[PDB]
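> Please find upload-v5.txt (compact mmCIF, C-alpha atoms and all ligand atoms) on the next line:
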# COMPACT_ATOMS: atom_id res chain seq x y z
CA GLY D 1 -10.61 -11.82 9.62
CA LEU D 2 -9.07 -10.40 12.79
CA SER D 3 -9.80 -10.59 16.46
CA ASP D 4 -10.40 -7.23 18.29
CA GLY D 5 -7.03 -7.63 20.11
CA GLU D 6 -5.44 -8.04 16.66
CA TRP D 7 -7.14 -4.87 15.31
CA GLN D 8 -6.05 -2.92 18.39
CA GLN D 9 -2.43 -3.89 17.58
CA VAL D 10 -2.65 -2.71 13.94
CA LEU D 11 -4.29 0.67 15.03
CA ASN D 12 -1.53 1.01 17.68
CA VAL D 13 1.21 0.54 15.01
CA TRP D 14 -0.66 2.90 12.60
CA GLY D 15 -0.30 5.73 15.22
CA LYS D 16 3.49 5.62 14.45
CA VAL D 17 2.81 6.13 10.73
CA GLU D 18 0.52 9.07 11.50
CA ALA D 19 3.38 10.93 13.26
CA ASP D 20 4.61 11.48 9.64
CA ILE D 21 2.60 9.98 6.83
CA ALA D 22 4.54 11.64 3.98
CA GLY D 23 7.96 10.35 5.29
CA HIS D 24 6.51 6.84 5.63
CA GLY D 25 4.72 7.06 2.25
CA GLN D 26 7.80 8.14 0.25
CA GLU D 27 9.86 5.24 1.75
CA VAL D 28 7.10 2.69 0.85
CA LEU D 29 6.99 3.90 -2.81
CA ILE D 30 10.78 3.92 -3.07
CA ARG D 31 10.97 0.36 -1.64
CA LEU D 32 8.40 -0.67 -4.20
CA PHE D 33 9.93 1.03 -7.27
CA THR D 34 13.52 0.11 -6.53
CA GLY D 35 12.67 -3.50 -5.71
CA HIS D 36 10.29 -4.03 -8.69
CA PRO D 37 11.19 -1.56 -11.45
CA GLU D 38 8.27 -2.87 -13.57
CA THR D 39 5.92 -1.13 -11.13
CA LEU D 40 7.27 2.40 -11.93
CA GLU D 41 6.18 2.07 -15.56
CA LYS D 42 2.53 2.13 -14.42
CA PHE D 43 3.08 5.74 -13.26
CA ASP D 44 3.14 8.20 -16.19
CA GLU D 45 4.23 11.06 -13.94
CA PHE D 46 7.15 9.24 -12.35
CA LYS D 47 8.55 6.70 -14.79
CA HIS D 48 11.46 9.00 -15.49
CA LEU D 49 12.60 8.71 -11.81
CA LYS D 50 14.55 5.47 -12.20
CA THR D 51 16.92 5.66 -9.17
CA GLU D 52 16.39 6.14 -5.45
CA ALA D 53 18.12 9.60 -5.38
CA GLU D 54 15.86 10.86 -8.28
CA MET D 55 12.72 9.52 -6.50
CA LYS D 56 13.80 11.21 -3.31
CA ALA D 57 14.03 14.61 -5.01
CA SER D 58 10.43 14.79 -6.07
CA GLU D 59 7.74 16.36 -3.89
CA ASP D 60 5.13 15.04 -6.39
CA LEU D 61 6.15 11.46 -5.48
CA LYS D 62 6.00 12.29 -1.74
CA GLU D 63 2.48 13.71 -2.21
CA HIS D 64 1.37 10.54 -4.04
CA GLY D 65 2.78 8.52 -1.07
CA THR D 66 0.58 10.70 1.21
CA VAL D 67 -2.59 9.90 -0.88
CA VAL D 68 -1.83 6.11 -0.71
CA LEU D 69 -1.20 5.82 3.04
CA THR D 70 -4.07 8.22 3.89
CA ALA D 71 -6.46 5.98 1.86
CA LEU D 72 -5.10 2.82 3.48
CA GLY D 73 -5.34 4.41 6.99
CA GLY D 74 -9.02 5.10 6.38
CA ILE D 75 -9.60 1.49 5.40
CA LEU D 76 -7.77 0.01 8.43
CA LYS D 77 -9.87 2.05 10.83
CA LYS D 78 -12.94 0.21 9.43
CA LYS D 79 -11.65 -3.02 11.02
CA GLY D 80 -12.67 -5.14 8.05
CA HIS D 81 -16.07 -3.39 7.44
CA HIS D 82 -14.67 -1.72 4.31
CA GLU D 83 -16.71 -2.81 1.30
CA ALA D 84 -17.74 0.79 0.43
CA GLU D 85 -14.11 1.98 0.45
CA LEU D 86 -12.46 -1.00 -1.26
CA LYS D 87 -14.94 -1.29 -4.18
CA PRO D 88 -13.90 2.04 -5.89
CA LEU D 89 -10.22 1.27 -5.43
CA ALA D 90 -10.60 -2.21 -6.78
CA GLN D 91 -12.44 -0.92 -9.79
CA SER D 92 -9.97 1.83 -10.63
CA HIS D 93 -6.87 -0.35 -10.09
CA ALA D 94 -8.32 -3.15 -12.24
CA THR D 95 -10.07 -1.27 -15.06
CA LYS D 96 -8.15 2.00 -15.29
CA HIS D 97 -4.63 1.54 -13.94
CA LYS D 98 -4.40 -2.22 -14.81
CA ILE D 99 -2.53 -3.21 -11.67
CA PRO D 100 -2.08 -6.99 -11.30
CA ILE D 101 -2.79 -8.42 -7.82
CA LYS D 102 0.91 -9.36 -7.57
CA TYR D 103 1.78 -5.58 -7.32
CA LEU D 104 -0.51 -5.32 -4.26
CA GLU D 105 1.48 -8.19 -2.78
CA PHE D 106 4.73 -6.23 -3.46
CA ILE D 107 3.41 -3.06 -1.72
CA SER D 108 2.14 -5.06 1.25
CA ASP D 109 5.67 -6.54 1.74
CA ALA D 110 7.16 -3.00 1.23
CA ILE D 111 5.04 -1.65 4.15
CA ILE D 112 6.31 -4.34 6.46
CA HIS D 113 9.90 -3.63 5.42
CA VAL D 114 9.53 0.12 6.00
CA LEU D 115 8.00 -0.38 9.51
CA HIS D 116 11.06 -2.36 10.52
CA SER D 117 13.43 0.11 8.74
CA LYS D 118 12.00 3.26 10.33
CA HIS D 119 11.25 1.73 13.75
CA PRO D 120 13.94 -0.98 14.43
CA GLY D 121 13.26 -2.89 17.67
CA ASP D 122 9.93 -1.09 17.98
CA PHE D 123 7.83 -3.30 15.60
CA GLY D 124 7.07 -6.43 17.67
CA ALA D 125 6.50 -9.96 16.48
CA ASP D 126 2.87 -9.68 17.59
CA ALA D 127 2.45 -6.32 15.82
CA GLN D 128 3.98 -7.83 12.67
CA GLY D 129 1.46 -10.74 12.83
CA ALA D 130 -1.53 -8.41 13.13
CA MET D 131 -0.35 -5.99 10.40
CA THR D 132 0.35 -8.91 8.03
CA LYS D 133 -3.17 -10.30 8.52
CA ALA D 134 -4.74 -6.85 7.96
CA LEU D 135 -2.86 -6.44 4.62
CA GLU D 136 -3.81 -10.02 3.53
CA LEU D 137 -7.48 -9.27 4.26
CA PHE D 138 -7.21 -6.05 2.26
CA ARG D 139 -5.59 -7.93 -0.70
CA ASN D 140 -7.99 -10.90 -0.50
CA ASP D 141 -11.07 -8.59 -0.69
CA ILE D 142 -9.57 -6.76 -3.69
CA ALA D 143 -8.80 -10.22 -5.28
CA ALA D 144 -12.53 -11.12 -4.95
CA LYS D 145 -13.46 -7.98 -6.96
CA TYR D 146 -10.75 -8.63 -9.50
CA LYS D 147 -12.22 -12.16 -10.13
CA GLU D 148 -15.67 -10.66 -10.65
CA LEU D 149 -14.25 -8.34 -13.32
CA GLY D 150 -12.13 -11.11 -14.89
CA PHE D 151 -8.94 -9.12 -14.38
CA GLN D 152 -7.07 -12.28 -15.23
CA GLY D 153 -3.68 -11.22 -13.87
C1 LIG P 201 -2.06 0.06 -0.44
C2 LIG P 201 -2.37 -0.09 -1.79
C3 LIG P 201 -2.82 1.12 -2.64
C4 LIG P 201 -3.69 2.13 -2.33
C5 LIG P 201 -4.39 2.40 -0.97
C6 LIG P 201 -3.78 2.95 -3.52
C7 LIG P 201 -4.50 4.13 -3.59
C8 LIG P 201 -4.59 4.96 -4.71
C9 LIG P 201 -5.47 6.13 -4.79
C10 LIG P 201 -6.35 6.63 -3.63
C11 LIG P 201 -5.37 6.62 -6.01
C12 LIG P 201 -6.14 7.82 -6.59
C13 LIG P 201 -7.59 7.45 -7.03
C14 LIG P 201 -7.72 6.25 -7.99
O1 LIG P 201 -7.30 6.40 -9.14
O2 LIG P 201 -8.27 5.24 -7.41
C15 LIG P 201 -4.45 5.78 -6.76
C16 LIG P 201 -3.99 5.94 -8.06
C17 LIG P 201 -3.05 5.18 -8.72
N1 LIG P 201 -2.48 3.99 -8.23
FE1 LIG P 201 -2.78 3.20 -6.41
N2 LIG P 201 -3.05 2.44 -4.59
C18 LIG P 201 -2.43 1.31 -4.02
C19 LIG P 201 -1.61 0.52 -4.78
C20 LIG P 201 -1.06 0.69 -6.05
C21 LIG P 201 0.03 -0.05 -6.69
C22 LIG P 201 0.69 -1.26 -6.00
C23 LIG P 201 0.19 0.43 -7.90
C24 LIG P 201 1.15 0.08 -9.05
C25 LIG P 201 2.24 -0.64 -9.05
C26 LIG P 201 -0.78 1.56 -8.04
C27 LIG P 201 -0.89 2.39 -9.12
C28 LIG P 201 -1.65 3.56 -9.21
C29 LIG P 201 -1.68 4.47 -10.35
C30 LIG P 201 -0.81 4.31 -11.60
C31 LIG P 201 -2.52 5.44 -10.03
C32 LIG P 201 -2.94 6.74 -10.82
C33 LIG P 201 -1.78 7.73 -10.71
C34 LIG P 201 -1.79 9.17 -10.89
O3 LIG P 201 -2.82 9.82 -10.53
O4 LIG P 201 -0.69 9.74 -11.26
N3 LIG P 201 -1.52 1.68 -6.90
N4 LIG P 201 -4.00 4.74 -5.93
Can you give me the file's structure in the form of structure tokens?


Amino acid sequence: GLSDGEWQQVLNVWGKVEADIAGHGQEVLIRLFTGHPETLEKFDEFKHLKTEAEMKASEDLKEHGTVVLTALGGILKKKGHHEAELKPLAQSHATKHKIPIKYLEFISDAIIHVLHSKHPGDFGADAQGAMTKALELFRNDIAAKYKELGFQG
């Protein structure tokens, strides 16, 4: 878990994302999809968008990026008290979408990349530490539910 000073840093960095969640969201998905093409195949609506310029030209992708980051924002503001919010997500991603925990690792790394790409020199070493912890926590609680369900990979 995190200290309160650590949570205040992640909510301070999240205020930068909130200035434009769709712009941040589309960059995160693109990072993900271009870096790990196997992840795009899980998306029936977007698997035909194989290159960055195709991805960029779809408002449907940008809206999906908005759904993702708005969900995550909600969870971060719970400061770790997020069992009611994470359970549904865990369930759907394991039993419906069949998303291995490794893809959650990929998106967590994608977020960090995009914060440094969109705010160079503005994402401090301390901020990076706190954000990393918050994403690990998120991932580790989802891993716990995955084990319960025996979602093997
Ligand atoms: C920060 C991590 C993520 C969050 C907050 C998130 C959130 C969401 C939400 C809120 C939905 C809609 C409701 C649902 O079906 O639960 C959804 C759907 C979905 N997610 Fe995620 N997700 C995340 C990561 C991922 C990753 C890493 C993948 C795959 C590589 C993935 C694949 C999907 C798919 C395929 C759908 C259904 C798509 C559709 O409606 O067209 N998710 N996700």

> Considering all atoms listed in the file, can you say which of D:125, D:30, D:11, D:21 comes closest to residue 70 in chain D?

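Residue with the minimum atom-to-atom distance to residue 70 in chain D: D:21.
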
> Quick one: residues within 9 Å of residue 108 in chain D, all atoms listed in the file counted, chain neighbours fewer than 5 positions away excluded, as a list in words?

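Contacts, with the query itself left out: residues 103, 113, 132, 135, 136 and 139 of chain D.
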
> When you draw a straight line from atom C16 of ligand LIG 201 (chain P) to CA of residue 142 in chain D, how long is it in Å?

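About the pair atom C16 of ligand LIG 201 (chain P) and CA of residue 142 in chain D: they are 14.5 Å apart.
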
> Give the answer as one residue: which of D:123, D:112, D:93, D:26 has the shortest atom-to-atom distance to residue 143 in chain D, using all atoms listed in the file?

D:93

> Given a cut-off of 9 Å, what residues near ligand LIG 201 (chain P) show up using all atoms listed in the file, put as a PyMOL selection string?

chain D and resi 29+32-33+36+38-46+64-65+67-73+75+86+88-93+96-108+111+135+138-139

> Which residue gives the smallest distance to residue 115 in chain D among D:80, D:12, D:28, D:7, with all atoms listed in the file counted?

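Answer, going by the shortest atom-to-atom distance: D:28.
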
> For range 105-125 of chain D, which lacks atoms in the input, supply N, CA, C and O atoms and format the output as a compact mmCIF listing (two decimals), keeping the file's coordinate frame.


# COMPACT_ATOMS: atom_id res chain seq x y z
N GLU D 105 0.67 -7.34 -3.66
CA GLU D 105 1.48 -8.19 -2.78
C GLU D 105 2.81 -7.45 -2.54
O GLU D 105 3.28 -7.33 -1.41
N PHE D 106 3.43 -6.97 -3.59
CA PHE D 106 4.73 -6.23 -3.46
C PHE D 106 4.63 -5.05 -2.49
O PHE D 106 5.50 -4.92 -1.61
N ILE D 107 3.56 -4.24 -2.62
CA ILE D 107 3.41 -3.06 -1.72
C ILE D 107 3.14 -3.50 -0.30
O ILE D 107 3.61 -2.84 0.63
N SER D 108 2.41 -4.61 -0.09
CA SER D 108 2.14 -5.06 1.25
C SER D 108 3.47 -5.42 1.93
O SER D 108 3.66 -5.08 3.12
N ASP D 109 4.32 -6.10 1.18
CA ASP D 109 5.67 -6.54 1.74
C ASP D 109 6.53 -5.28 2.00
O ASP D 109 7.31 -5.28 2.98
N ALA D 110 6.42 -4.30 1.14
CA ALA D 110 7.16 -3.00 1.23
C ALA D 110 6.78 -2.30 2.55
O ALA D 110 7.66 -1.81 3.24
N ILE D 111 5.52 -2.30 2.90
CA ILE D 111 5.04 -1.65 4.15
C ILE D 111 5.70 -2.28 5.34
O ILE D 111 6.17 -1.64 6.28
N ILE D 112 5.70 -3.65 5.33
CA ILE D 112 6.31 -4.34 6.46
C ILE D 112 7.81 -4.00 6.59
O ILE D 112 8.33 -3.90 7.68
N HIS D 113 8.48 -3.95 5.44
CA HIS D 113 9.90 -3.63 5.42
C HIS D 113 10.14 -2.24 6.04
O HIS D 113 11.00 -2.10 6.94
N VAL D 114 9.38 -1.30 5.54
CA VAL D 114 9.53 0.12 6.00
C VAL D 114 9.19 0.22 7.48
O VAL D 114 9.93 1.05 8.09
N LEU D 115 8.25 -0.53 8.05
CA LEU D 115 8.00 -0.38 9.51
C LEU D 115 9.21 -0.81 10.29
O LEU D 115 9.60 -0.16 11.28
N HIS D 116 9.85 -1.91 9.84
CA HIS D 116 11.06 -2.36 10.52
C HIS D 116 12.24 -1.42 10.23
O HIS D 116 13.17 -1.28 11.08
N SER D 117 12.30 -0.78 9.10
CA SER D 117 13.43 0.11 8.74
C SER D 117 13.39 1.43 9.49
O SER D 117 14.46 2.02 9.96
N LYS D 118 12.23 1.97 9.66
CA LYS D 118 12.00 3.26 10.33
C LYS D 118 11.81 3.07 11.82
O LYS D 118 12.14 4.03 12.57
N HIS D 119 11.42 1.86 12.29
CA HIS D 119 11.25 1.73 13.75
C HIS D 119 11.96 0.48 14.20
O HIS D 119 11.25 -0.34 14.80
N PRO D 120 13.26 0.28 14.03
CA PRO D 120 13.94 -0.98 14.43
C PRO D 120 13.86 -1.28 15.91
O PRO D 120 14.33 -0.46 16.72
N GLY D 121 13.38 -2.46 16.27
CA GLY D 121 13.26 -2.89 17.67
C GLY D 121 11.93 -2.43 18.24
O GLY D 121 11.57 -2.89 19.36
N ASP D 122 11.23 -1.56 17.53
CA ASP D 122 9.93 -1.09 17.98
C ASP D 122 8.74 -1.79 17.29
O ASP D 122 7.61 -1.52 17.79
N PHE D 123 8.95 -2.61 16.31
CA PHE D 123 7.83 -3.30 15.60
C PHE D 123 7.83 -4.76 16.04
O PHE D 123 8.48 -5.58 15.38
N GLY D 124 7.11 -5.09 17.08
CA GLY D 124 7.07 -6.43 17.67
C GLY D 124 6.52 -7.52 16.76
O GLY D 124 5.82 -7.36 15.77
N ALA D 125 6.89 -8.76 17.15
CA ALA D 125 6.50 -9.96 16.48
C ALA D 125 4.96 -10.09 16.40
O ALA D 125 4.39 -10.53 15.40
